[PDB]
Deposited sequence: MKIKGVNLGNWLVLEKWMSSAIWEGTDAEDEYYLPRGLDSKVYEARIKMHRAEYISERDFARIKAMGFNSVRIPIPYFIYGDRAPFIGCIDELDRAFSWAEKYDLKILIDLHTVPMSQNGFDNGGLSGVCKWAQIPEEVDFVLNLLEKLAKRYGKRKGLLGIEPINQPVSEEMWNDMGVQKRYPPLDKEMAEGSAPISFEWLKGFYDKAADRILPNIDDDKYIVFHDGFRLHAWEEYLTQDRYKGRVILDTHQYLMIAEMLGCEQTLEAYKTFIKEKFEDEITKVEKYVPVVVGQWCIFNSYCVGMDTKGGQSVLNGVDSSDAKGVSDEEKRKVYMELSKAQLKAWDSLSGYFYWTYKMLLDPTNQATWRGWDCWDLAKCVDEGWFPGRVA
């Protein structure tokens, strides 16, 4: 297994910072409140235009041309069109499968959002609220959704696997990130009582998700479990007989943490950090379960210095991380594409490196990975 991938962030699951136009004229910060700030016909028009334009067949041709073999697609819980006022997008996912199959790429379906949220992050669609796991109706809704998706795509050549939930927040991450202040909730009463998701509860959900997914996908397909921010917690759970050869652990690792931990802002120090904190630690998990780094990037404060120097640095950080991931089962860069405008929004300078295809065009990431 050598998964070389990109994420399709901000396509079917909106991330406000990655593109401004859909948010114009509203005060919404997240997916949940966007339709509440617009006339229904305007919301529909913007959503449908965004989904048609942001990712299309030509993007799959580009991803293949860069040497990737896989794509991770964040999908929303409302994909089947059964959760008003949100707009379904099963047709978009169907088209993605057709384009992946044309270009000999495989898709990891990533259920990125759930009703009432698994993390309270803005990327989860509902800022500052984290109550999904406390609401059995919505847990059951998600399990039914996962079953439907497995039945729909489980025999497809273009399926790599299914990830039952992105980024279920741990107690440590919930407290350390100060989630409800970092992503302040609009409805304070909706937010009160929110709780992080315990390891034991998550294992129980994973058991049920496996019961819905594994019987309904072909025997070469994978279930991909997010680490729930507990990289080293999963040996006993993921070495169970039912999972042998059928599972991948997804961990998300951002280079920017090096600076917070005191890494010197030189290439030599960043490369040592990548070797020690990323390669050396994560390969310990690879010993007993395949691991993909399902979100990572080259963002760093040093490059936020001439343009030539920042190009040199970005390229070396790309190569150093790619080298680390060669000791694992693979990776998905976060993210393939944004619509950032650092030329005119000067405060976003240093942040366009989260757009992988743009990194390639700037000389910040290798032109080909295979």
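*Asks:* Counting from 1 along the deposited sequence, which stretches lack C-alpha positions?
*Replies:* Gap vs deposited seq: just 305 to 325.
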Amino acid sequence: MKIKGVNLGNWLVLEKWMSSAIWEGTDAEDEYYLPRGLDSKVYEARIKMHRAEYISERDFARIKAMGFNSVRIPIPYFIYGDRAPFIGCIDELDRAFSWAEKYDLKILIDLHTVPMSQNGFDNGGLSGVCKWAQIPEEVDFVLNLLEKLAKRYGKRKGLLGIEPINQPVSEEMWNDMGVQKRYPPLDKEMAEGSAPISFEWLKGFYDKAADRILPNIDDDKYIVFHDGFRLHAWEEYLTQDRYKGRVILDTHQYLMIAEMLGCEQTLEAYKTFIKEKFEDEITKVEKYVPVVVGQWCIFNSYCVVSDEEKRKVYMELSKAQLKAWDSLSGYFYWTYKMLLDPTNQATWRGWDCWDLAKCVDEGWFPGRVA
From here on, numbers count along this sequence of modelled residues.
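*Asks:* Which is higher on average in the deposited entry, the C-alpha temperature factors of 213 to 221 or of 181 to 189?
*Replies:* Per the deposited B-factors, the answer is 181 to 189.
*Asks:* Pick between 345 to 353 and 6 to 14: the one whose mean CA B-factor in the entry is higher.
*Replies:* Averaged over C-alpha atoms, the B-factors run higher in 345 to 353.
*Asks:* Select one of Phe299, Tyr270, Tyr206, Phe229: the residue whose C-alpha shows the highest B-factor in the crystal structure entry.
*Replies:* That would be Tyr270.
*Asks:* Check the PDB entry and point out which of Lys287, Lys148, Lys131, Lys106 has the largest C-alpha temperature factor.
*Replies:* Highest CA B-factor of the listed options: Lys287.
*Asks:* Split the chain's modelled residues into thirds by Cα B-factor; is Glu171 in the lowest, middle or highest one?
*Replies:* Middle third of the chain for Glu171's C-alpha B-factor.
*Asks:* Split the chain's modelled residues into thirds by Cα B-factor; is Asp122 in the lowest, middle or highest one?
*Replies:* Ranked within chain, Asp122 CA B lands in the highest tercile.
*Asks:* Sorting the chain's modelled residues by C-alpha B-factor, tell me whether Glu24 ends up in the lowest, middle or highest third.
*Replies:* Tercile = highest for this residue's CA B-factor.
*Asks:* Ranking the modelled residues of this chain by C-alpha B-factor as given in the entry, is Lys310 in the lowest, middle or highest third?
*Replies:* Highest third.
*Asks:* Within this chain's modelled residues, let me know which third the CA B factor of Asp94 belongs to: lowest, middle or highest.
*Replies:* CA B-factor rank for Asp94: lowest third.
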